[PDB]
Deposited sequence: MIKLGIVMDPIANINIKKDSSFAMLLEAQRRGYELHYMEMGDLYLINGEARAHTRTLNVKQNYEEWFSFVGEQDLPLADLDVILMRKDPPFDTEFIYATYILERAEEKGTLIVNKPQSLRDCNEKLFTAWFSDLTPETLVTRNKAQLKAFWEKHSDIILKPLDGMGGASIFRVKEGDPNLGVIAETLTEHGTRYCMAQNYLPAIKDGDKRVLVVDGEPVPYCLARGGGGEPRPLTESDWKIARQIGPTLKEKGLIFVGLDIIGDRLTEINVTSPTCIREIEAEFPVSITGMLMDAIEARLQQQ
């Protein structure tokens, strides 16, 4: 049938209660796919060939034993029909080099759920530089003198590292200096600066997109988790980003919407699946897998 691999962080350590990857696995299993489990380190490249040491995976909703290995083989990634890259950030050289490996398989027919080139191209933070009109005032620099001006120009702003650890730098803030100095490491690393949107008060909204189609229910993070229907402005945004997602082969994405402003695009390991699923008649995992099987046919 379909032989789907997954590349992820130790299954031994996920929490099956909130883990979105695991939600996928349950769904593919239910559909009668054969599952192959890999880790960064199982990925190898021998003379131009992507190969891996996989384990055959059986997952089950069981807190005492959610997974089990039922086989193990070394093979060509090109044997798998689809591989889900579900590695948690940060985006390091290690992730980038892995995308080169996943990409050799792809050239030999495997489908990579998020396309490898696409993962290099779309920084989680910097992709938003291509969606100017939908995001907040954003500055990306190494110069303290620029952060400071930005701050003078906006009074209240968000400071963050490109690779949460967000600094809210308000009027009266005695520390911009040290922050700049800290985040850019004495001006040798780039850092992002952004004006603050008090709208996060109303919650930090996480919206999912499956092959360009926004899931109609989102997750707000404004004190606790609270799913809800997409606002008229959620459609609007997702609606505008969507086409680019589909064509860049970014088949499963998370959007971080703060108010009516797009703050970030999660292309690596977007989550929040189980949260919405509990509360609404929606199978996000089923959409995804629907999207996979169909891509699988076209190509």
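ask   = Which residue ranges of the deposited sequence are not present in the modelled coordinates?
value = No C-alpha coordinates exist for 164-167, and that is the only such stretch.
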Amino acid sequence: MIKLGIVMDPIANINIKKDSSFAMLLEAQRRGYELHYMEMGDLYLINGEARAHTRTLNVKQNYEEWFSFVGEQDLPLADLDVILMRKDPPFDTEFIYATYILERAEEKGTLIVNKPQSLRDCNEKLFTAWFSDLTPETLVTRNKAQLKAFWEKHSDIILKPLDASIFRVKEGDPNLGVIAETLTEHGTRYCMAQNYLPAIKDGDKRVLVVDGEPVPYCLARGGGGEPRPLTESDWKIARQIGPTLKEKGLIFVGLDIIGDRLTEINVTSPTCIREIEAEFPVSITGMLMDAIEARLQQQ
From here on, numbers count along this sequence of modelled residues.
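request  = Check the entry's C-alpha temperature factors for 77-85 and 90-98, then say which stretch has the higher mean.
outcome  = Mean B over CA atoms: larger for 90-98.
244-252 versus 36-44 - greater average Cα B-factor per the deposited record = Here the higher of the two C-alpha B-factor means belongs to 244-252.
query = Among 204, 137, 124, 106, where is the Cα temperature factor highest, going by the PDB entry?
reply = Among 204, 137, 124, 106, the highest C-alpha B-factor in the entry belongs to 204.
ask   = Which of these has the highest Cα B-factor in the record: 130, 217, 190, 151?
value = Highest CA B-factor of the listed options: 217.
key: Entry-reported Cα temperature factor of residue 197, expressed as the chain third it lands in   = Its C-alpha B-factor belongs to the highest third of this chain's values.
request  = State the tercile, meaning the lowest, middle or highest third, of residue 155 with respect to the CA B-factors recorded for its chain.
outcome  = Within its chain, residue 155 is a middle-third residue by C-alpha B-factor, going by the deposited values.
task = Pull the Cα B-factor of residue 61 out of the PDB entry and bin it into the chain's lowest, middle or highest third.
result = Highest third of the chain for residue 61's C-alpha B-factor.
Cα B factor band for residue 111 (lowest, middle or highest third within the chain) = Residue 111: CA B-factor falls in the lowest third of its chain.
query = Once the chain's modelled residues are ordered by C-alpha B factor and cut into thirds, is residue 53 in the lowest, middle or highest one?
reply = Residue 53: CA B-factor falls in the middle third of its chain.
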